[PDB]
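Student: Mind looking over this structure? Questions follow.
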Amino acid sequence: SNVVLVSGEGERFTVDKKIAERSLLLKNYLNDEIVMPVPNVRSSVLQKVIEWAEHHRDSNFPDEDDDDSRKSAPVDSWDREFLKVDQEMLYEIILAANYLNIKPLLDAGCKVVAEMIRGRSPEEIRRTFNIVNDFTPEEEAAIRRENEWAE
Amino acid sequence: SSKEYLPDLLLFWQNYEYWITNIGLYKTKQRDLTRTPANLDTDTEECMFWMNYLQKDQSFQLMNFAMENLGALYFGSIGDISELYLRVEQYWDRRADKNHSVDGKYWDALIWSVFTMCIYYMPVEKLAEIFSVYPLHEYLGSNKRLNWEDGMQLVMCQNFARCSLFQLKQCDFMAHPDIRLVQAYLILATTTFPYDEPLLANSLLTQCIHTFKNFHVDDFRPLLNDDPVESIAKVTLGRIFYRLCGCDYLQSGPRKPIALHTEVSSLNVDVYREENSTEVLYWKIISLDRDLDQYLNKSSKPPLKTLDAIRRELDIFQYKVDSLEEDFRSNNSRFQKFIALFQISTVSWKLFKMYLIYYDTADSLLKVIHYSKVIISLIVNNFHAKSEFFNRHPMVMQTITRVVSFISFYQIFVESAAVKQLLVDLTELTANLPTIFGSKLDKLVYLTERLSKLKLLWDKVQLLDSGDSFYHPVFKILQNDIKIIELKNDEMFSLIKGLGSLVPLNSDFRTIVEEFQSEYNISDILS
Amino acid sequence: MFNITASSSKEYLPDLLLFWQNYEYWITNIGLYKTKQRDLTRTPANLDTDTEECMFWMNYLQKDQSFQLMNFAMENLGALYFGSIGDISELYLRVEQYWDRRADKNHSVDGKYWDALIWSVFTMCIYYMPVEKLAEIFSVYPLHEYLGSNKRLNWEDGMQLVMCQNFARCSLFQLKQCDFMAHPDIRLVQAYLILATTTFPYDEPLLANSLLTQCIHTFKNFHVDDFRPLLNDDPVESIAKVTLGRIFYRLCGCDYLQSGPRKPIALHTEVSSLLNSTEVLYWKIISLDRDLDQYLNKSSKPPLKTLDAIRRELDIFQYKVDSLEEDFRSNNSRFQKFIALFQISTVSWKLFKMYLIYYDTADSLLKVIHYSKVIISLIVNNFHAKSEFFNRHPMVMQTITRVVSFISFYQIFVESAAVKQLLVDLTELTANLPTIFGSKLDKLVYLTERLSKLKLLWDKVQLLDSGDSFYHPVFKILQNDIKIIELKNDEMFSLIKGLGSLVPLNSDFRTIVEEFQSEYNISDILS
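Protein chains in written order, with PDB author numbering: chain D, 4 to 35, 74 to 192; chain B, 53 to 319, 331 to 569, 588 to 608; chain C, 1 to 3, 49 to 320, 339 to 569, 588 to 608.
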């Protein structure tokens, strides 16, 4: 029939059952109206997750235990035109897919972060050198002295 | 600017859980030997009454209740019960004889263990329609108005278990090992017999391991050159073996050294993944629990690859238990569904508890709260009609002990708003569990009450920092509970009292600690 | 036993001695002693026949006779109880107490443990007392008045064995009154290590294996991983750990001496290997005997360097045994030196037998004949010193069984005059072993007679060949003598009987084989 995904703020999102069994956690929760709390997810992020499941009802995803079909799968055109959002709300979508155990949203929604870590400019790797500490200042001086000769 | 002691206090919970809620509460029987009686005139006139109290039609009503409502428990051990009606017939035929063969007395002990399981899993409304209250009170000499739901069904369950043991001891079962001993113990292990006598159950389990490994059967796959009777014999032996490993892991501890379970379900080993998943699914979900509860007493973190592997097998067994047959016209299918779903909820809770303690991953506290609500939603759902007795299986006592002890431990140190409502819900659930658990339910309520009073002591005394490590009376009380129960689970003192004439010889916070240990002692949970 | 016309080649002898290394195990180790072919539809068992039996056998032994038994044990058995119970002068107080609170109505569990320990000690006293001292203490007439046998017999013609077995059964019955599975304590281990110095583990092998599994369970219950006196502990606990060391040595000794297929749970696996100060000597010799006799059932023949290292260690322990000083008036030290010298001679004989079989080293049959004459000169010497009870210890049944079976098997195939004189000496010694062995001695005489008739069958029937394989009726009869006992020690049929309604549905060469198996059946050594 229909289930209710109660968000972390308090709203109620009526989702179709076959669509909302994309989430492994809810599909295991249904084995007892069936409401269920999703505590750490805002209403907009859960709306984005439900729109993802509404599109990818009919699609077919890899077997969650792959080396080739899971790492080397390209993102969909909708999934790349779907995650052009704020970066913090992107990580909150990934947190929502890691709570609800939605593995293909944690697949296609997290290869985008992989495409953003690589493919970045080598100037702002030199700029982001010790934004987290990770080195003593003696070793920072030695590292900056080793490649002082080029620039 | 937060609470920094908390990781090395949850790492202490991983030791406190084992030395209180696992070993100290269920598997500790502090017995003196200069006070315990020993006779064969007390029990030989008591078990004679408990074997004369049952009649023929009452026993067949118990067997009908087993055939209709308990097929998830005996069918691994004894097979289908339609072969066992003949054994109840032969027991009531051979009742008046005076020369009993051992091959008759083993079937008598097996069907009295089946009767013990039937008494333990029967609702009080169906029990009052079968038996009678008043001859039992005219014999035992107690409070007369002490009806079955007020703590009397446990007494008849324990005495039927003791009569099944007395009929085993008439077999000279040490001198004649046979598979009916293993079957009778695997029927008795579905009751609270492994917790009313935690030192007798370990020795009977050692005798069942000796009885099983007497056969020297390691491969339960029927070979090509086997007798077609011997093939079905080895199939039934394999079902008995995995039921025996399931009821063998649950009694692990310091008072049970000889273990049968030697295999691994993830990642030498001997005997696994050769057997068809029919009711080894109950074993596979417990080895997946053994891979989590082997890090309680151990002092090293489980690797995260192991926890991810356990999470993947949890999802696989979720989809496997949802792949089971929907035989709603037999009431035992819902009970098998409840067992194989409550086990996977228990292992899920323990998995995300160990994620919360050892690594603090993504929303693991919310996953602990979620699977605690799933355990509550599985137990509260059984409070309807026709399935009220599902909450009597000992795994719900074990699991509710672990869950309410962890939530009461976590309410002390972390001021949260969902954990508080969850703790109120589990307190309401623990005060609504079935009363056939007996003294263990009252000791669980006492342990939850002690942790709540320890929470009230946490807010009272201000925390004393020292830079490198902290100091508080609550910390020292929790340190001392493990030391007291390790002192109680050390049989060296009974050894010094046993070898002969040997005699055993060996501020602001201490006052509060000794007053709290005098008012709320931890030795109350042993008995 | 081999790896058409007649031949005279000798390819049969090297594969035939390797076949002896399997026949010795499955006949003289497992089939003769550790196989008790039971039947459960025919065996009676209850608690009305044996309770008044134990009442009679405890009311028979008067008070002052028990102190003479204990004085005999103190003066003449010092090399047996010291491994188990230490000093028996500490145990006179327990005998005084048992003759005080015998008249009471309620016995404690500790009291009945001390009673079971001292009744096992009384069993050891009866088993090792000569008939001259035993006729002075006990009377014969009430035992005939109760049991109802022919009143003409003395103690020596099959009556001391009956009183020994009934005292062992009374010790076990007083263990059964303790509910010793529900109260594990070290007196169980001490009582069984006293009872295993008699022929209790051969008259009831499956019961003794279950008692030994309970003793391993009760010993590992205390969790002692090191038996060394540490300076930090209480000096009472250090004496307790010394006591557990000297009990663990005797317990792994009795663990080895019952290493059959009807005893699957081992203690000796948790010990290292060699590849007071006199009890550890017996431990080293028995461990070396284990390292020799583990190559019986397996197929991998041992290396030469392994047997040579065993030979160097054997010479070291031969020097250690030959240096034990002894007083001729102190009979305990004489029996001590007899046990040490007989065990080291048995290990020497087995080592040179493995030299003769596995490699056929030049000048090695002479060493086998030499150590067989050493064993004969040890056993015959005890008839000429009025210490006739030295030949009642169960190692002189095991050793003489192995020796007379190997010398008969070698006189069948390879004739020699020294081997024939040695076989005549073995037969004369086997006819003069003490009557307290009872049935096992007569079955050893039967086995020697059967291997003597097999020599006549080897002589009157000519050997065949097939180029590489050799055929003979003696070879097929010796194949089937292993196959019959491997069928008897197959516990699959008891499993099929235990799982319910499953009933099991199963030239002159063959003529001579079937006539010899009908005349001298191998299943006459079973019980």
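Ideal placement from N, C-alpha and C gives every residue a C-beta, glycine not left out.
Using DSSP bridges, identify the partner residues of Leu527(C).
Tutor: Counted from its first residue, the third sequence places residue 527(C) at position 464. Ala51(C).
Student: Return no unless some Cβ of chain B is closer than 8 Å to the Cβ of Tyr32(D).
Tutor: Taking the first residue of the first sequence as position 1, residue 32(D) is located at position 29. Yes, because at least one Cβ of chain B sits closer than 8 Å to the Cβ of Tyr32(D).
Student: Of all Cβ atoms in chain B, is any one closer than 8 Å to the Cβ of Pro306(C)?
Tutor: Walking along the third sequence from the start, residue 306(C) turns up at place 261. Yes, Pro306(C) lies at the interface with chain B (some Cβ there is under 8 Å from its Cβ).
Student: Apart from the five residues just before and just after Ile470(B), which ones in its own chain have a Cβ nearer than 8 Å to its Cβ?
Tutor: For the purposes of this step, residue 470(B) is identified with residue 407 of the second sequence, where counting begins at 1. Around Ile470(B): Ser435, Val482, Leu485, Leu486 and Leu489.
Student: Which residues in the same chain as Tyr68(B) place their Cβ atom closer than 8 Å to its Cβ, once the five residues preceding and following it in sequence are excluded?
Tutor: Start at 1 with the first residue of the second sequence, and residue 68(B) comes out as number 16. Excluding residues within five positions, the ones whose Cβ falls inside 8 Å are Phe472, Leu541, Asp544 and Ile545.
Student: Relative to the alpha-carbon of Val140(C), which residue among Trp164(C), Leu486(C) and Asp224(C) has its alpha-carbon at the smallest distance?
Tutor: In the third sequence, the residue the question calls residue 140(C) occupies position 95. Residue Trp164(C) is the option with its Cα nearest to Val140(C).
Student: Distance cutoff 8 Å, beta carbons only. Does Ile284(B) sit that close to anything in chain C?
Tutor: Taking the second sequence and counting its residues from 1, the one referred to as residue 284(B) is at position 232. It does: the Cβ of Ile284(B) has a partner Cβ on chain C nearer than 8 Å.
Student: Between the beta-carbon of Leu220(B) and the beta-carbon of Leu238(B), is there less than 8 Å?
Tutor: Here residue 220(B) corresponds to residue number 168 of the second sequence, with the count starting at 1. Here residue 238(B) corresponds to residue number 186 of the second sequence, with the count starting at 1. No, the pair does not count as a contact, with Cβ atoms beyond the cut-off.
Student: Does any CB atom of chain B fall closer than 8 Å to the CB of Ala213(C)?
Tutor: Here residue 213(C) corresponds to residue number 168 of the third sequence, with the count starting at 1. Chain B, which has no Cβ nearer than 8 Å to the Cβ of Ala213(C), makes this no.
Student: Could you give the distance in angstroms between the alpha-carbon of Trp521(C) and the alpha-carbon of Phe556(C)?
Tutor: Here residue 521(C) is taken as the residue at index 458 of the third sequence, counted from 1. Here residue 556(C) is taken as the residue at index 493 of the third sequence, counted from 1. The straight-line gap separating the alpha-carbon atoms of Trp521(C) and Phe556(C) is approximately 35 Å.
Student: Once the 5 residues before and after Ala241(B) are set aside, which same chain residues still bring their CB inside 7 Å of it?
Tutor: Here the question's residue 241(B) lines up with position 189 in the second sequence. Result list for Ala241(B): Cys299, in chain order.
Student: Using the C-alpha atoms, what's the distance from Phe112(B) back to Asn454(C)?
Tutor: For this step, residue 454(C) is matched to residue 391 along the third sequence. For this step, residue 112(B) is matched to residue 60 along the second sequence. C-alpha separation (whole angstroms): 59 Å.
Student: Determine, using beta carbons only, whether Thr314(C) comes closer than 8 Å to chain B.
Tutor: What you label residue 314(C) is simply residue 269 of the third sequence in a count that begins at 1. With 8 Å as the cut-off, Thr314(C) does not count as an interface residue toward chain B.
Student: Quick one: which residues of the region 100-119 of chain C get their C-beta closer than 8 Å to a C-beta of chain B? List them in chain order.
Tutor: none
Student: Using the Cα positions of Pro497(C) and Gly305(B), report the straight-line distance between them to the nearest angstrom.
Tutor: Position 434 of the third sequence, counted from the first residue, corresponds to residue 497(C). Position 253 of the second sequence, counted from the first residue, corresponds to residue 305(B). Near 48 Å, if we compare the C-alpha coordinates of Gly305(B) and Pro497(C).
Student: Under DSSP, the beta strand (DSSP E) around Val332(B) begins and ends at which residues?
Tutor: Along the second sequence, read from residue 1 onward, the residue named residue 332(B) stands at position 269. Counting along the chain, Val332(B) falls outside any beta strand (DSSP E), and DSSP gives it neither H nor E.
Student: Is the shortest distance between the beta-carbon of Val154(B) and the beta-carbons of chain C less than 8 Å?
Tutor: Working through the second sequence from its first residue, we reach residue 154(B) at position 102. Yes, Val154(B) lies at the interface with chain C (some Cβ there is under 8 Å from its Cβ).
Student: Nearest CA to the CA of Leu138(C): which residue from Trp159(C), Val154(C), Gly290(C) and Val281(C)?
Tutor: The residue given as residue 138(C) occupies position 93 in the third sequence. Cα-wise, what sits closest to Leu138(C) is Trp159(C).
Student: In or out: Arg147(C) buried (at least 16 other Cβ within 10 Å) or exposed?
Tutor: Residue mapping note: residue 147(C) aligns to position 102 of the third sequence, counting from 1. Its Cβ having fewer than 16 others within 10 Å, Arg147(C) is exposed.
Student: Smallest Cα separation from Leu541(C): which of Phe64(C), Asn3(C) and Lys55(C)?
Tutor: Working through the third sequence from its first residue, we reach residue 541(C) at position 478. If we check each option's Cα against that of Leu541(C), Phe64(C) comes out closest.
Student: Under 8 Å, do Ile475(B) and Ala403(B) count as touching if we go by C-beta distance?
Tutor: In the second sequence, counting from the first residue as 1, residue 475(B) sits at position 412. In the second sequence, counting from the first residue as 1, residue 403(B) sits at position 340. No, the Cβ-Cβ distance between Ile475(B) and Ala403(B) is not below 8 Å.
Student: Measure the Cβ-Cβ separation of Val140(B) and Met115(B) and say whether it is below 8 Å.
Tutor: Reading the second sequence from its first residue, position 88 is the one you call residue 140(B). Reading the second sequence from its first residue, position 63 is the one you call residue 115(B). Contact flag set, yes.
Student: CA-CA distance, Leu419(B) and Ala425(B)?
Tutor: Reading the second sequence from its first residue, position 356 is the one you call residue 419(B). Reading the second sequence from its first residue, position 362 is the one you call residue 425(B). Distance between the alpha carbons of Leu419(B) and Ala425(B): 9 Å.
Student: To the nearest angstrom, report how far apart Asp528(B) and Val343(C) are at their CA atoms.
Tutor: If you number the second sequence from 1, residue 528(B) lands on position 465. If you number the third sequence from 1, residue 343(C) lands on position 280. Rounded to the nearest angstrom, the two C-alpha atoms are 55 Å apart.
Student: For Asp488(B) and chain D, any beta-carbon pair shorter than 8 Å?
Tutor: What you label residue 488(B) is simply residue 425 of the second sequence in a count that begins at 1. Cβ-Cβ to chain D under 8 Å: no for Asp488(B).
Student: Please say whether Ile407(C) and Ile470(C) have beta carbons closer to each other than 8 Å?
Tutor: Position 407 of the third sequence, counting from 1, holds the residue named residue 470(C). Position 344 of the third sequence, counting from 1, holds the residue named residue 407(C). Contact: no.
Student: Taking CB distances under 8 Å as the criterion, tell me whether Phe267(B) reaches chain C.
Tutor: Reading the second sequence from its first residue, position 215 is the one you call residue 267(B). Chain C contact via Cβ: present.
Student: With 16 other CB atoms within 10 Å as the buried threshold, where does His268(C) fall?
Tutor: The sequence position of residue 268(C) within the third sequence is 223, counting from 1. By the neighbour-count rule (16 or more Cβ atoms within 10 Å), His268(C) is not buried but exposed.
Student: Buried or exposed: where does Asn211(B) fall if 16 or more other Cβ atoms within 10 Å of its Cβ makes it buried?
Tutor: As a first step, residue 211(B) must be located in the second sequence, where it is residue number 159. By the 10 Å Cβ count, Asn211(B) comes out buried.
Student: Which full runs of the alpha helix (DSSP H) of 4+ residues lie inside the region 227-291 of chain C, going along the chain?
Tutor: 231-240, 245-248 and 250-265
Student: Given that a residue counts as buried once 16 or more other Cβ atoms are within 10 Å of its Cβ, and exposed if not, what is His447(B)?
Tutor: For the purposes of this step, residue 447(B) is identified with residue 384 of the second sequence, where counting begins at 1. Flag for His447(B) reads exposed.
Student: Within 10 angstroms of its Cβ, does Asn121(C) collect 16 or more other Cβ (buried), or is it exposed?
Tutor: Taking the first residue of the third sequence as 1, we reach residue 121(C) at position 76. With 16 or more other Cβ atoms within 10 Å, it is buried.
Student: Does the beta carbon of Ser317(C) fall short of 7 Å from some heavy atom of the ligand NAP?
Tutor: Ligands in the displayed structure: none, and consequently the ligand NAP is not present.
Student: What do you reckon, are the CB atoms on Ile171(B) and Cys209(B) nearer than 8 Å?
Tutor: As a first step, residue 171(B) must be located in the second sequence, where it is residue number 119. As a first step, residue 209(B) must be located in the second sequence, where it is residue number 157. The answer is yes: Cβ separation under 8 Å.
Student: Which one of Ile603(B), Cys297(B) and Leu319(B) has the shortest CA to CA distance from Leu344(B)?
Tutor: On the second sequence, residue 344(B) is found 281 positions in, with the first residue counted as 1. Nearest C-alpha to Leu344(B): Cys297(B).
Student: Tell me whether the region 552-559 of chain B and the region 268-287 of chain C touch, counting them as touching only if at least three CB pairs, one residue from each stretch, are closer than 8 Å.
Tutor: A contact exists between the region 552-559 of chain B and the region 268-287 of chain C.
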